[PDB]
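Colleague: This one is final-v6.txt, compact mmCIF, C-alpha atoms.
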```
# COMPACT_ATOMS: atom_id res chain seq x y z
CA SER A 1 9.32 -10.73 19.76
CA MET A 2 12.11 -9.03 17.68
CA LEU A 3 14.71 -11.55 16.48
CA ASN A 4 17.87 -11.03 18.44
CA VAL A 5 21.58 -11.08 17.71
CA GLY A 6 22.93 -14.56 16.84
CA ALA A 7 19.76 -15.71 15.08
CA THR A 8 19.80 -16.75 11.41
CA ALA A 9 18.22 -13.90 9.47
CA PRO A 10 15.04 -15.28 7.84
CA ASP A 11 15.66 -15.54 4.11
CA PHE A 12 13.13 -13.78 1.97
CA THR A 13 12.44 -13.22 -1.71
CA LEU A 14 10.62 -9.96 -2.29
CA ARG A 15 9.91 -7.62 -5.22
CA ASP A 16 11.76 -4.31 -5.35
CA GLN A 17 10.39 -1.10 -6.80
CA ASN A 18 11.24 -2.37 -10.34
CA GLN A 19 9.40 -5.63 -9.66
CA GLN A 20 12.72 -7.44 -9.61
CA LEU A 21 13.15 -10.31 -7.18
CA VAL A 22 15.62 -9.72 -4.37
CA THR A 23 16.71 -12.55 -2.06
CA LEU A 24 18.62 -12.09 1.16
CA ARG A 25 20.76 -15.25 0.55
CA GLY A 26 22.07 -13.66 -2.70
CA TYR A 27 24.31 -11.46 -0.49
CA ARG A 28 25.90 -14.37 1.44
CA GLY A 29 29.68 -14.49 1.27
CA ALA A 30 29.75 -11.07 -0.46
CA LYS A 31 28.23 -8.35 1.71
CA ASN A 32 26.93 -7.41 5.10
CA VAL A 33 23.28 -6.38 4.77
CA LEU A 34 21.42 -3.57 6.55
CA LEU A 35 17.66 -4.25 6.72
CA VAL A 36 15.58 -1.15 7.35
CA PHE A 37 11.99 -2.04 8.13
CA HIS A 38 9.64 0.90 8.26
CA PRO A 39 5.92 1.69 8.47
CA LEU A 40 4.77 3.46 5.27
CA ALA A 41 5.82 5.27 2.15
CA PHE A 42 4.89 8.96 2.02
CA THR A 43 4.78 9.47 5.79
CA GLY A 44 6.91 12.05 7.56
CA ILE A 45 9.14 10.02 9.89
CA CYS A 46 9.74 7.32 7.25
CA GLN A 47 10.59 10.04 4.70
CA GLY A 48 13.07 11.55 7.14
CA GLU A 49 14.74 8.21 7.90
CA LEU A 50 15.10 7.08 4.28
CA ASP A 51 16.17 10.64 3.24
CA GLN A 52 19.00 10.36 5.77
CA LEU A 53 19.96 6.89 4.43
CA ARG A 54 19.90 8.34 0.88
CA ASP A 55 22.02 11.29 1.95
CA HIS A 56 24.65 8.98 3.47
CA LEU A 57 24.40 6.13 0.95
CA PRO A 58 28.13 5.55 0.59
CA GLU A 59 28.26 4.51 4.26
CA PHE A 60 25.58 1.87 3.70
CA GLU A 61 25.97 0.67 0.08
CA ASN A 62 29.59 -0.04 -0.89
CA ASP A 63 32.09 -2.90 -1.43
CA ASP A 64 31.39 -4.30 2.04
CA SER A 65 27.70 -3.49 2.68
CA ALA A 66 24.25 -3.37 1.09
CA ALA A 67 21.08 -1.69 2.41
CA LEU A 68 17.50 -2.83 1.80
CA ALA A 69 14.38 -0.99 2.96
CA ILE A 70 11.31 -3.17 3.65
CA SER A 71 7.69 -2.05 4.07
CA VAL A 72 4.18 -3.39 3.39
CA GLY A 73 3.62 -1.23 0.31
CA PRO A 74 3.46 -2.78 -3.19
CA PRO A 75 6.03 -2.00 -5.89
CA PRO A 76 4.15 0.79 -7.68
CA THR A 77 3.96 2.79 -4.44
CA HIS A 78 7.64 2.23 -3.75
CA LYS A 79 8.56 3.10 -7.35
CA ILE A 80 6.84 6.53 -7.24
CA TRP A 81 8.20 7.23 -3.76
CA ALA A 82 11.76 6.23 -4.74
CA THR A 83 11.76 8.11 -8.03
CA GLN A 84 10.36 11.30 -6.43
CA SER A 85 12.73 11.11 -3.44
CA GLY A 86 15.89 9.95 -5.26
CA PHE A 87 16.10 6.62 -3.48
CA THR A 88 18.34 4.27 -5.48
CA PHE A 89 18.70 1.49 -2.94
CA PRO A 90 16.15 -1.34 -3.01
CA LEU A 91 12.72 -0.78 -1.46
CA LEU A 92 11.15 -4.20 -1.00
CA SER A 93 7.47 -5.02 -0.82
CA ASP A 94 6.26 -7.12 2.17
CA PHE A 95 2.81 -6.74 0.55
CA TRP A 96 1.12 -10.13 -0.11
CA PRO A 97 1.30 -12.04 2.10
CA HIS A 98 0.95 -8.81 4.08
CA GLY A 99 3.72 -8.31 6.60
CA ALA A 100 5.02 -11.91 6.38
CA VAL A 101 8.68 -10.99 6.38
CA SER A 102 8.17 -8.32 9.08
CA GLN A 103 6.43 -11.04 11.14
CA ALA A 104 9.34 -13.46 10.65
CA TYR A 105 11.76 -10.84 12.05
CA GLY A 106 9.39 -10.10 14.95
CA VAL A 107 8.85 -6.48 13.92
CA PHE A 108 5.26 -6.47 12.63
CA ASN A 109 2.62 -4.29 14.30
CA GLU A 110 -0.40 -6.63 14.12
CA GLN A 111 -2.81 -3.97 15.28
CA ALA A 112 -1.90 -1.38 12.66
CA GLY A 113 -0.84 -3.71 9.79
CA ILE A 114 2.60 -2.10 9.34
CA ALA A 115 6.16 -2.93 10.22
CA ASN A 116 7.59 -1.14 13.20
CA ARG A 117 10.98 0.61 12.90
CA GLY A 118 13.01 -2.61 12.99
CA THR A 119 16.65 -2.59 11.92
CA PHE A 120 19.03 -5.50 11.46
CA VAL A 121 22.57 -6.01 10.28
CA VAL A 122 23.14 -9.43 8.73
CA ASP A 123 26.72 -10.65 8.36
CA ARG A 124 28.25 -12.52 5.38
CA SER A 125 27.21 -15.86 6.92
CA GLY A 126 23.59 -14.80 7.27
CA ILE A 127 23.57 -14.20 11.02
CA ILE A 128 22.00 -11.21 12.73
CA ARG A 129 24.73 -9.10 14.37
CA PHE A 130 22.71 -5.97 15.21
CA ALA A 131 18.98 -5.78 16.05
CA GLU A 132 16.68 -2.98 17.23
CA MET A 133 13.02 -2.09 17.04
CA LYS A 134 11.56 1.34 17.64
CA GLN A 135 7.89 2.35 17.57
CA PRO A 136 6.27 4.11 14.57
CA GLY A 137 6.40 7.47 16.41
CA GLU A 138 10.14 7.23 17.19
CA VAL A 139 13.22 8.02 15.08
CA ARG A 140 16.26 5.72 14.91
CA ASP A 141 19.89 6.69 15.53
CA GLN A 142 21.68 5.72 12.31
CA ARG A 143 25.10 5.95 14.07
CA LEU A 144 24.32 2.53 15.54
CA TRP A 145 23.88 1.19 12.02
CA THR A 146 27.25 2.47 10.80
CA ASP A 147 28.93 1.36 14.06
CA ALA A 148 27.51 -2.12 13.49
CA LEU A 149 28.54 -2.40 9.81
CA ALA A 150 32.07 -1.17 10.66
CA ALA A 151 32.54 -4.07 13.09
CA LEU A 152 32.00 -6.57 10.20
CA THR A 153 34.27 -5.13 7.45
CA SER B 1 -18.36 -14.57 -6.25
CA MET B 2 -19.29 -10.96 -6.97
CA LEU B 3 -22.45 -9.88 -5.14
CA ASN B 4 -25.42 -9.65 -7.49
CA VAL B 5 -28.14 -7.13 -8.21
CA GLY B 6 -30.77 -7.50 -5.51
CA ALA B 7 -28.37 -8.20 -2.68
CA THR B 8 -28.01 -5.90 0.30
CA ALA B 9 -24.69 -4.04 0.03
CA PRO B 10 -22.38 -5.06 2.93
CA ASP B 11 -21.77 -2.16 5.31
CA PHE B 12 -18.30 -0.84 5.77
CA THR B 13 -16.37 1.86 7.55
CA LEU B 14 -13.04 2.87 5.95
CA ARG B 15 -10.55 5.71 6.08
CA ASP B 16 -10.29 8.22 3.22
CA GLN B 17 -7.09 9.95 2.01
CA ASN B 18 -7.46 12.52 4.80
CA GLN B 19 -7.86 9.75 7.44
CA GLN B 20 -11.56 10.65 7.90
CA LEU B 21 -14.08 7.83 8.36
CA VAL B 22 -16.54 7.07 5.58
CA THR B 23 -19.41 4.61 6.15
CA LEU B 24 -21.69 3.25 3.40
CA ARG B 25 -24.81 3.47 5.64
CA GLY B 26 -24.27 7.24 6.06
CA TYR B 27 -25.65 7.72 2.52
CA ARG B 28 -28.93 5.84 3.08
CA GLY B 29 -32.05 7.84 2.36
CA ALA B 30 -29.96 10.58 0.71
CA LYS B 31 -27.75 9.36 -2.16
CA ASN B 32 -27.14 6.53 -4.57
CA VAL B 33 -23.55 5.38 -4.17
CA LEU B 34 -21.12 4.35 -6.89
CA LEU B 35 -18.45 2.01 -5.47
CA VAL B 36 -15.36 1.85 -7.70
CA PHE B 37 -13.05 -0.94 -6.50
CA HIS B 38 -9.67 -0.89 -8.21
CA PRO B 39 -6.26 -2.59 -7.97
CA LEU B 40 -3.58 -0.03 -7.09
CA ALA B 41 -2.66 3.62 -6.85
CA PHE B 42 0.01 4.79 -9.29
CA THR B 43 -0.67 2.12 -11.88
CA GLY B 44 -1.60 2.85 -15.50
CA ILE B 45 -5.07 1.46 -15.95
CA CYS B 46 -6.25 2.62 -12.48
CA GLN B 47 -4.90 6.10 -13.30
CA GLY B 48 -6.85 6.16 -16.54
CA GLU B 49 -10.08 5.04 -14.89
CA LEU B 50 -9.92 7.51 -12.01
CA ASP B 51 -8.73 10.34 -14.31
CA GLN B 52 -11.84 9.74 -16.46
CA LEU B 53 -13.99 9.77 -13.28
CA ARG B 54 -12.24 13.01 -12.20
CA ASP B 55 -12.79 14.64 -15.63
CA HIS B 56 -16.56 13.91 -15.33
CA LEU B 57 -16.99 14.13 -11.57
CA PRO B 58 -20.20 16.19 -11.55
CA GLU B 59 -21.93 13.21 -13.24
CA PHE B 60 -21.03 11.00 -10.26
CA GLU B 61 -20.87 13.32 -7.26
CA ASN B 62 -23.91 15.61 -7.10
CA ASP B 63 -27.24 16.07 -5.24
CA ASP B 64 -28.37 12.52 -6.16
CA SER B 65 -25.10 10.50 -6.24
CA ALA B 66 -21.83 9.93 -4.42
CA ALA B 67 -18.74 8.14 -5.70
CA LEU B 68 -16.19 6.24 -3.60
CA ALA B 69 -13.01 4.68 -4.93
CA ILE B 70 -11.80 1.67 -2.87
CA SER B 71 -8.39 0.01 -3.01
CA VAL B 72 -5.99 -1.84 -0.70
CA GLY B 73 -3.65 1.17 -0.27
CA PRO B 74 -3.39 3.06 3.01
CA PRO B 75 -4.37 6.72 3.34
CA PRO B 76 -0.89 8.25 2.84
CA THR B 77 -0.60 6.54 -0.55
CA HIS B 78 -4.03 7.77 -1.54
CA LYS B 79 -3.36 11.28 -0.26
CA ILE B 80 -0.28 11.75 -2.46
CA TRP B 81 -1.97 10.09 -5.45
CA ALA B 82 -5.07 12.28 -5.03
CA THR B 83 -3.04 15.47 -4.61
CA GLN B 84 -0.86 14.81 -7.65
CA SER B 85 -3.85 13.67 -9.77
CA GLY B 86 -6.34 16.32 -8.63
CA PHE B 87 -8.79 13.80 -7.16
CA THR B 88 -11.27 15.51 -4.79
CA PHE B 89 -13.60 12.54 -4.29
CA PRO B 90 -12.99 9.96 -1.52
CA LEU B 91 -10.39 7.23 -2.03
CA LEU B 92 -10.98 4.64 0.68
CA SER B 93 -8.40 2.31 2.23
CA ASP B 94 -9.25 -1.41 2.30
CA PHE B 95 -5.82 -1.80 3.91
CA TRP B 96 -5.94 -3.69 7.22
CA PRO B 97 -7.58 -6.09 7.36
CA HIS B 98 -6.15 -6.40 3.82
CA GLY B 99 -8.92 -6.54 1.20
CA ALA B 100 -11.73 -7.32 3.72
CA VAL B 101 -14.34 -5.05 2.09
CA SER B 102 -13.29 -6.23 -1.36
CA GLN B 103 -13.80 -9.83 -0.15
CA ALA B 104 -17.26 -8.98 1.31
CA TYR B 105 -18.30 -7.71 -2.12
CA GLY B 106 -16.78 -10.78 -3.84
CA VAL B 107 -14.30 -8.79 -5.91
CA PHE B 108 -10.96 -9.52 -4.22
CA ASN B 109 -8.15 -11.12 -6.22
CA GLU B 110 -6.78 -13.64 -3.70
CA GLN B 111 -3.74 -14.52 -5.82
CA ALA B 112 -2.52 -10.97 -6.33
CA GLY B 113 -3.71 -9.35 -3.05
CA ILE B 114 -5.64 -6.58 -4.78
CA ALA B 115 -9.25 -5.76 -5.61
CA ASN B 116 -10.34 -6.58 -9.12
CA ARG B 117 -12.19 -3.91 -11.10
CA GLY B 118 -15.48 -4.33 -9.24
CA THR B 119 -18.16 -1.68 -9.55
CA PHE B 120 -21.48 -1.36 -7.74
CA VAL B 121 -24.28 1.11 -7.51
CA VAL B 122 -26.08 1.06 -4.16
CA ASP B 123 -29.50 2.65 -4.07
CA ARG B 124 -30.89 4.86 -1.30
CA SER B 125 -32.22 1.79 0.55
CA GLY B 126 -28.86 -0.07 0.46
CA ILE B 127 -29.65 -2.53 -2.32
CA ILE B 128 -27.17 -3.30 -5.15
CA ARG B 129 -28.78 -2.15 -8.42
CA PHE B 130 -25.74 -2.48 -10.69
CA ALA B 131 -22.83 -4.92 -10.37
CA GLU B 132 -19.83 -5.78 -12.50
CA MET B 133 -16.33 -7.17 -12.11
CA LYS B 134 -13.55 -6.90 -14.66
CA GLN B 135 -10.01 -8.24 -14.38
CA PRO B 136 -7.02 -6.04 -13.51
CA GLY B 137 -5.92 -6.03 -17.16
CA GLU B 138 -9.31 -4.83 -18.41
CA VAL B 139 -10.86 -1.33 -18.58
CA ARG B 140 -14.45 -0.60 -17.57
CA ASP B 141 -17.04 1.23 -19.67
CA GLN B 142 -18.11 4.16 -17.51
CA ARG B 143 -21.23 4.73 -19.63
CA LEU B 144 -22.75 1.84 -17.70
CA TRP B 145 -22.10 3.66 -14.44
CA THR B 146 -23.75 6.91 -15.44
CA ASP B 147 -26.68 4.93 -16.90
CA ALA B 148 -27.12 2.99 -13.67
CA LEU B 149 -27.11 6.17 -11.56
CA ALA B 150 -29.53 7.92 -13.96
CA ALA B 151 -32.07 5.09 -13.52
CA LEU B 152 -32.19 5.76 -9.76
CA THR B 153 -32.61 9.55 -9.44
```
Represent the supplied structure as structure tokens.
Modeller:
Amino acid sequence: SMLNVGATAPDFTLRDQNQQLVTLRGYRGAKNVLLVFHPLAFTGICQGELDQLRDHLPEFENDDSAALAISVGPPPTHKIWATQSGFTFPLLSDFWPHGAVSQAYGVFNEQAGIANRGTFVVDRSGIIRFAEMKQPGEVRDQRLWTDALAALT
Amino acid sequence: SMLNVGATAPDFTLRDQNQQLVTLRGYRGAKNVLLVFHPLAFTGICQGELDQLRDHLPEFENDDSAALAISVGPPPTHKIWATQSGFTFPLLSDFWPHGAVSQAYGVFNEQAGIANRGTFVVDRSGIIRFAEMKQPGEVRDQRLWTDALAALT
């Protein structure tokens, strides 16, 4: 049920770790956007994936591109996790309604109540140009993300 | 509405911070149970309340009594929070379905997606003998909790 390439990316307005509202449409005309859905703060695979994003942030957050992480945790969880891990990119809360944005992108695990490892690249017109979804026990290849953003510069 | 004194405490089975299963019925015939519902890990007032509980734990967790903290966070959140705070009592996850136990006890905040500051004492036969609910911005008086437990030894 993952939204595929060519679809309009569902707009959302979610709180980041500072309780600031972030809207996907705010980036239109300005930047390509990488959306990194993931299961849960303070779990091993998620830590590894976001640590790698952190460690390569200039490839993902720059004049051409922005990166947003999205999970079902509320802002205080994300704030502690980001501060302790050195994450400076936005971590957005798909918290209440629980998983609504993850559901809209077709990447919600209804059984477990978490997003799967869904990744999208949204172009400057708001269209999905890259889409994948791995299971919670898998790890994503971030080369695909940089390959996808490079095609839209 | 909050369940009242006299009512039978709804049964539940929830995961603790170590992903072990805790059931309310398990304590029947053995211990009085203090149920401490609270909004969110890693927030100020919740930290104060559970730190006070921690600092006086032998008054709540002993031969006669058990104490269970319940919130909408998942176990990994509660594991980190408990490790960093030195909490050795169970923190239970009312995570998915989101707030279901909190709703059964009548202490869920539907607008915010969190439990209010609901507290119950369940006697050895499963009957609610103490019941309160404060708002997220309020702080409970833990003297009432120790008094309630002391009446039931």
Colleague: Find the spatial neighbours of residue 23 of chain A, counting only C-alpha atoms, within a cut-off of 8 Å - ignore same-chain residues fewer than 4 positions away - and output them as a CSV table (one decimal) with C-alpha atoms, in the coordinates of the input.
Modeller:
```
chain,number,residue,atom,x,y,z
A,11,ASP,CA,15.7,-15.5,4.1
A,12,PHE,CA,13.1,-13.8,2.0
A,13,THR,CA,12.4,-13.2,-1.7
A,14,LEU,CA,10.6,-10.0,-2.3
A,27,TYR,CA,24.3,-11.5,-0.5
```
Colleague: For chain A, which residues have at least one atom within 8 Å of chain B, if we go by all atoms listed in the file? Write them as a list in words, please.
Modeller: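 Interface list for chain A against chain B: residues 40, 41, 42, 43, 73, 76, 77, 80, 95, 96, 97, 98, 112 and 113 of chain A.
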Colleague: Nearest to residue 145 of chain A: which of A:51, A:64, A:16, A:132 is it, counting only C-alpha atoms?
Modeller: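 Ranking A:51, A:64, A:16, A:132 by distance to residue 145 of chain A, first place goes to A:132.
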Colleague: Using atom CA of residue 146 of chain A and atom CA of residue 20 of chain A as the two end points, give the distance in Å to one decimal.
Modeller: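 Taking atom CA of residue 146 of chain A and atom CA of residue 20 of chain A, their separation equals 26.9 Å.
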Colleague: So which one's closest to residue 120 of chain A, A:8, A:15, A:35, A:133? Using only C-alpha atoms, please.
Modeller: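 Checking each of A:8, A:15, A:35, A:133 against residue 120 of chain A, counting only C-alpha atoms, the winner is A:35.
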Colleague: How many Å separate atom CA of residue 105 of chain B from atom CA of residue 49 of chain B?
Modeller: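 Atom-to-atom, atom CA of residue 105 of chain B to atom CA of residue 49 of chain B, that is 19.8 Å.
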Colleague: Provide the atom CA of residue 93 of chain B to atom CA of residue 17 of chain B distance in Å, to one decimal place.
Modeller: 7.8 Å
Colleague: Name all residues at most 9 Å from residue 50 of chain B (count all atoms listed in the file; drop same-chain ones fewer than 6 positions away) and give them as an MDAnalysis selection string.
Modeller: chainID B and resid 36 69 85 87
Colleague: With only C-alpha atoms as the counted atoms, please give the residues lying no more than 12 Å from residue 31 of chain B, apart from itself and same-chain residues fewer than 2 positions off, as an mmCIF file with C-alpha atoms, in the frame of the given file.
Modeller:
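In the end it all went to result21.cif:
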```cif
data_model
loop_
_atom_site.group_PDB
_atom_site.id
_atom_site.type_symbol
_atom_site.label_atom_id
_atom_site.label_comp_id
_atom_site.auth_asym_id
_atom_site.auth_seq_id
_atom_site.Cartn_x
_atom_site.Cartn_y
_atom_site.Cartn_z
ATOM 1 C CA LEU B 24 -21.690 3.250 3.400
ATOM 2 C CA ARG B 25 -24.810 3.470 5.640
ATOM 3 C CA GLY B 26 -24.270 7.240 6.060
ATOM 4 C CA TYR B 27 -25.650 7.720 2.520
ATOM 5 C CA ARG B 28 -28.930 5.840 3.080
ATOM 6 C CA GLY B 29 -32.050 7.840 2.360
ATOM 7 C CA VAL B 33 -23.550 5.380 -4.170
ATOM 8 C CA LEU B 34 -21.120 4.350 -6.890
ATOM 9 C CA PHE B 60 -21.030 11.000 -10.260
ATOM 10 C CA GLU B 61 -20.870 13.320 -7.260
ATOM 11 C CA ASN B 62 -23.910 15.610 -7.100
ATOM 12 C CA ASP B 63 -27.240 16.070 -5.240
ATOM 13 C CA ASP B 64 -28.370 12.520 -6.160
ATOM 14 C CA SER B 65 -25.100 10.500 -6.240
ATOM 15 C CA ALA B 66 -21.830 9.930 -4.420
ATOM 16 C CA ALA B 67 -18.740 8.140 -5.700
ATOM 17 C CA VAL B 121 -24.280 1.110 -7.510
ATOM 18 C CA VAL B 122 -26.080 1.060 -4.160
ATOM 19 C CA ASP B 123 -29.500 2.650 -4.070
ATOM 20 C CA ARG B 124 -30.890 4.860 -1.300
ATOM 21 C CA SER B 125 -32.220 1.790 0.550
ATOM 22 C CA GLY B 126 -28.860 -0.070 0.460
ATOM 23 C CA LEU B 149 -27.110 6.170 -11.560
ATOM 24 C CA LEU B 152 -32.190 5.760 -9.760
ATOM 25 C CA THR B 153 -32.610 9.550 -9.440
#
```
Colleague: Give me, as JSON, numbers by chain, all polymer residues having an atom no more than 12 Å from residue 3 of chain A, counting all atoms listed in the file and skipping those fewer than 6 positions away in the same chain.
Modeller: {"A": [9, 10, 101, 102, 103, 104, 105, 106, 107, 108, 118, 119, 120, 121, 122, 127, 128, 129, 130, 131, 132, 133]}
Colleague: For residue 46 of chain B, which residue out of B:18, B:144, B:71, B:4 is the nearest one, using all atoms listed in the file?
Modeller: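 So, comparing all the options, the nearest one is B:71.
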Colleague: Smallest atom-to-atom distance to residue 89 of chain A: which of A:151, A:30, A:22, A:116, using all atoms listed in the file?
Modeller: A:22
Colleague: Go ahead and fit an axis-aligned box to every listed atom of segment 10-13 of chain B plus 8 Å each side, and pass me the centre and edge lengths in Å, one decimal, as lines of an AutoDock Vina configuration file.
Modeller:
```
center_x = -19.4
center_y = -1.6
center_z = 5.2
size_x = 22.0
size_y = 22.9
size_z = 20.6
```
